[PDB]
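Below, each chain spelled out in residue letters.
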Amino acid sequence: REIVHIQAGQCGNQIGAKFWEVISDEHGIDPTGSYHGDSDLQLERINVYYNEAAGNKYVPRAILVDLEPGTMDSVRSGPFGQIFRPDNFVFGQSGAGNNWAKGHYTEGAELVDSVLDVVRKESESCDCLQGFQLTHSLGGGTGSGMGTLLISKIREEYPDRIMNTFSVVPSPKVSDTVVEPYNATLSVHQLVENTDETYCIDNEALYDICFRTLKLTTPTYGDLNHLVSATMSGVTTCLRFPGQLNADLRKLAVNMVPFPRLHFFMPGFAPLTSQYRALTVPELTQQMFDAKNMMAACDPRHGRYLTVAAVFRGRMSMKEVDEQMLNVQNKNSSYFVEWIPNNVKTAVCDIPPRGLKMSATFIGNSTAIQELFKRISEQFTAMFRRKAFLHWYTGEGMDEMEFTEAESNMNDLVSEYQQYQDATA
Amino acid sequence: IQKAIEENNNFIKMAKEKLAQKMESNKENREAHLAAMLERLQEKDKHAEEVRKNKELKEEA
Ligand SMILES: Nc1nc2c(ncn2[C@@H]2O[C@H](COP(=O)(O)OP(=O)(O)O)[C@@H](O)[C@H]2O)c(=O)[nH]1
Ligand SMILES: COc1cccc(-c2cc(NCc3ccc4[nH]ccc4c3)nc(N)n2)c1
Ligand SMILES: [Ca+2]
Ligand SMILES: [Ca+2]
Ligand SMILES: [Mg+2]
């Protein structure tokens, strides 16, 4: 059960690099690819994300994609730059200019075949491919436009494999350009059809967390990516380390996705870091269900949970987590749908993340994620009703009905979340 | 992508034609101006040759 990782664009490759830095440290792999760890539990599932190369060297099963070489050159020079397989760097020269059309139709189409070639070589070397994960942003052009193009191409060649994504949603408080709502709306319509799980990482929340909670006056993209890498590590701990949980991507999707289109999750993490005081199990459970620890700028009390999964890391009383986990149920029992019995899952991993005795990762399938899509839809319509900045896209061959269609599909997605939010037994 | 190519090419086509059109009409107009200027001056020279000839008839009197 191997996973193939893909990171596309500026945002996708930076959060992807941090990810490989974090889990590489947890598995005991050094920047050169040599193992110098203390426990054999680190290696029992190293194959899930790493290939074993000549010389007992471990190489991430990762593909790096971008339409301009800038960020990828930085990655090759970064701390863990030399660990990636050099032939897995696939880049163009021009770029996408924060244009979904360039990444999806013109500039990205020129490069997509070359990317799929590397996918095949990685998949052919898989004993039993389990699925794919993609890291990318939805506000730019390469990760947004070409990223969804890659997903459509992968579902063509591997139609029976799981396709999941860690997608960074744009926010005006952290914005590079104004056409970000356009690109996001066009990308989400693709994710509704061609992904099994999409973790909605909202830059609005990451900023509010760095500023309000962590008290960071001037947050940088590096500060936000520290939160993202920690969460992705927590989400993947159920596959990367050997508990008595037989977790496969498809089995996890079956347990979390009651309806095919409603597969957009709210990530969460606790404690929030950037101290030494030991955190208590009651504190971990109370923080991980708090809105201030959510990676999507949505209020869970404004919607209802379809399914929930809590992952605890460290050595703690498995009895005490159950008591506190069962306790929190009552404090928000109204916010859990009663027509999916026992819809809250709990997993425990004995291995803690770096420099934390105990941590908790939160994955929620809540109808309150609808708030995020409304926000993007509003920003979209504010411009589209005046056809502002459309020339950037029509110049690349797109028609205006493609914008209208994408708009309607997201409003449909919003309405679908609303019917189940009001549904009762 | 075919549409994108179609639009870039047409924009080049329309530009090339409209430019060629403008600079053929302009060549015609400037030539027609100087042609009329010279034809006016040449018409002056006829009246000049006529004035010389009218003096030549009365000195034969
Ligand atoms: N968290 C995070 N978000 C980013 C980063 N860089 C860009 N973004 C997001 O992505 C959007 C810009 O898209 P961009 O990264 O240029 O897409 P690309 O052209 O495919 O690389 C912005 O709205 C940001 O919110 C980063 O380093 N960290
Ligand atoms: C994006 O790629 C990945 C990669 C690795 C993991 C995941 C992931 C983790 C997860 N959390 C743990 C969990 C949740 C519900 C459970 N039920 C029975 C065991 C059990 C365990 N839940 C989902 N859906 N995916 C997604
Ligand atoms: Ca080209
Ligand atoms: Ca080919
Ligand atoms: Mg950029």
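Criteria and thresholds
- Residues numbered from 1 in each chain as written, not as in the entry; some residues may be left out.
- Chains lettered and ligands numbered in written order.
- Part of a larger assembly, values for the part shown.
- Heavy atoms only, no water.
- Residues with missing side-chain atoms left out of burial classes, pairs and counts.
- Helix = DSSP H or I, 4+ residues; strand = E, 2+ residues; numbered from the N terminus.
- Rg over C-alpha atoms; globule rule 2.2 N^0.38 Å.
- Near = heavy atom within 4 Å.
- Polar contact = N/O pair within 3.5 Å; in protein donor to acceptor, adjacent residues only side chain to side chain.
- Areas by Shrake-Rupley, 256 points an atom, 1.4 Å probe, with all protein chains shown as cover.
- Nonpolar A, V, L, I, M, F, W, Y, C, P; charged D, E, K, R; others polar.
- Domains from an automatic or database assignment.
- Axes fitted to C-alpha atoms, helices over the stretch in contact; angles between N-to-C directions.
- Parallel < 35°, antiparallel > 145°, perpendicular 65-115°, else oblique.
- Contact = heavy atoms within 4.5 Å.
- Donors = N, O, S within 2.8 Å, 3.2 Å for Na, K, Ca; no water.
- UniProt positions renumbered as here; feature names shortened; annotations may be inferred.
- Buried < 20%, exposed > 50% of the residue type's maximum accessible area, 1.4 Å probe, protein only.
- Buried area = accessible area lost by both parts, 1.4 Å probe.
- Salt bridge = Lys/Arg side-chain N within 4 Å of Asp/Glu carboxyl O.
- Pairing = 2+ DSSP bridges.

Per the PDB record, the structure was determined using X-ray crystallography to 2.68 Å resolution.

The next thing to look at is the overall build of chain B. When helices and strands are tallied, chain B shows one helix and zero strands. In terms of overall size, chain B is more extended than a compact globule, its C-alpha atoms giving a radius of gyration of 27 Å where 61 residues would be expected to give roughly 10 Å. When its C-alpha atoms are laid out on the principal axes, chain B stretches across 90 × 10 × 5 Å.

Another point: the site of ligand 2. All names here are of chain A. Surrounding ligand 2, one finds 17 residues, the nearest of these being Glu 197, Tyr 199, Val 235, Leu 239 and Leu 252. Here a nitrogen atom of ligand 2 sits 3.1 Å away from a polar atom, N or O, in the side chain of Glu 197. Contact between ligand 2 and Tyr 199: a nitrogen atom at 2.9 Å from a side-chain N or O atom of the residue. Protein burial of ligand 2: of its 570 Å² of free accessible surface, 91% is covered by the chains. When residues of the shell around ligand 2 are traced back to their parent elements, those giving at least two are β7 (162-169), β8 (197-202), α7 (221-240), α8 (249-256) and β10 (305-313). Each residue belonging to the shell around ligand 2 can be placed in one class, and the counts come to 12 nonpolar, three polar and two charged. Two domains share the shell around ligand 2, each providing at least three of its residues, namely domain 1 (1-258) and domain 2 (259-368).

For the rest of this paragraph, the subject is the packing of helix α6 (residues 203-213) of chain A against α7(A). Each pair of packed helices can be summarised by the angle the axes make with each other and by the distance between the axes. All names here are of chain A. Orientation of α6 relative to α7, taken along the N-to-C sense of each, is 105°, at an axis distance of 10 Å. As judged from the angle between their axes, α6 and α7 are roughly perpendicular. Across the interface between the two elements, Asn 203, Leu 206, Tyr 207, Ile 209 and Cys 210 from α6 touch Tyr 221, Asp 223, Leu 224, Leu 227 and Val 228 from α7.

The next subject is the coordination of the calcium ion (ligand 3). Only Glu110(A) (OE) and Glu110(A) (OE) from the protein coordinate the calcium ion (ligand 3), and they sit 2.7 to 3.2 Å from it. Mapping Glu110(A) onto the fold places it in helix α3 (residues 100-124).

This part covers the UniProt feature "binding site: Mg(2+)" in chain A. Residues and elements named next belong to chain A. The positions that UniProt labels "binding site: Mg(2+)" are, in the present scheme, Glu 68. Relative to the helices and strands, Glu 68 is located in the loop between β4 (62-66) and α2 (70-77). Judged by relative accessible area, which is 42%, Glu 68 ranks as partly exposed.

A few words now on the domain arrangement of chain A. Where interface size is given, it is often the accessible area lost as the parts come together that is meant. Residue and element names in this part refer to chain A. Taken as a whole, chain A is organised into domain 1 (1-258), domain 2 (259-368) and domain 3 (369-425). Put simply, the middle of domain 2 and the middle of domain 3, counted by C-alpha atoms, are 30 Å apart. When domain 2 packs against domain 3, the two sides together hide about 1,600 Å² of surface, and 55% of this comes from carbon and sulfur. The largest per-residue losses of area from domain 2 upon contact with domain 3 belong to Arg 261, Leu 262 and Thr 367, which jointly make up 35% of the total buried on that side. The tally of links from domain 2 across to domain 3 stands at one salt bridge. Between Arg 261 and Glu 416 there is a salt bridge, with its nearest N and O atoms 2.6 Å apart. Our count for the contact surface shared by domain 2 and domain 3 stands at 11 residue pairs in polar contact. For the side of domain 2 that touches domain 3, the element with the most residues is strand β9 (residues 264-270), which contributes three residues. Each residue belonging to the side of domain 2 that touches domain 3 can be placed in one class, and the counts come to 10 nonpolar, five polar and four charged.

Another point: the pairing of β4(A). Residue and element names in this part refer to chain A. Within β4, five of the five residues are buried, which leaves the element mostly enclosed by the surrounding structure. The alternating pattern of β4 places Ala 62, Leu 64 and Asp 66 on one face and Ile 63 and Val 65 on the opposite face, and all of these are buried. Relative to β4, strand β1 (residues 2-8) is paired through four bridges, and the arrangement is parallel. By the bridge assignment for β4, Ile 6 is matched with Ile 63. Bridge count for β4 against strand β5 (residues 89-91) is three bridges, and the pairing is parallel. Residue pairing across strands places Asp 66 opposite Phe 91, the latter belonging to β5.

Our next topic: the UniProt feature "binding site: GTP" in chain A. Residues and elements named next belong to chain A. Here the UniProt-annotated "binding site: GTP" positions come out as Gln 10, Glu 68, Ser 137, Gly 141, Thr 142, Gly 143, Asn 203 and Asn 225. An extended arrangement is adopted by the annotated residues: their sequence extent is 216 residues, and the largest C-alpha distance between any two is 23.0 Å. Looking at the element boundaries, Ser 137 is found in strand β6 (residues 129-137). Leaving out residues up to four positions away in the same chain, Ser 137 has contacts with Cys 11, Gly 12, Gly 143, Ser 144 and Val 168. In this view, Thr 142 contacts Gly 9, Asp 66, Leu 67, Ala 96 and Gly 147; residues no more than four positions away in its chain are not counted.

Moving on: the pattern of salt bridges. Residue and element names in this part refer to chain A. All chains considered together, the criterion is met by 22 salt bridges over all chains. For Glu 157, the salt bridge identified is with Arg 120, shortest N-O distance 2.7 Å. Of this pair, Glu 157 sits in helix α4 (residues 142-157) while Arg 120 sits in helix α3, placing them 37 residues apart in sequence. Linking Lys 121 and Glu 124 is a salt bridge whose minimum nitrogen-to-oxygen distance equals 3.2 Å. Separated by three residues within a single helix, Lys 121 and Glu 124 lie in helix α3, roughly one turn from each other. The exposure class of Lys 121 is exposed, given its relative accessible area of 52%. Taking relative accessible area as the criterion, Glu 124 reaches 58% and is therefore assigned exposed.

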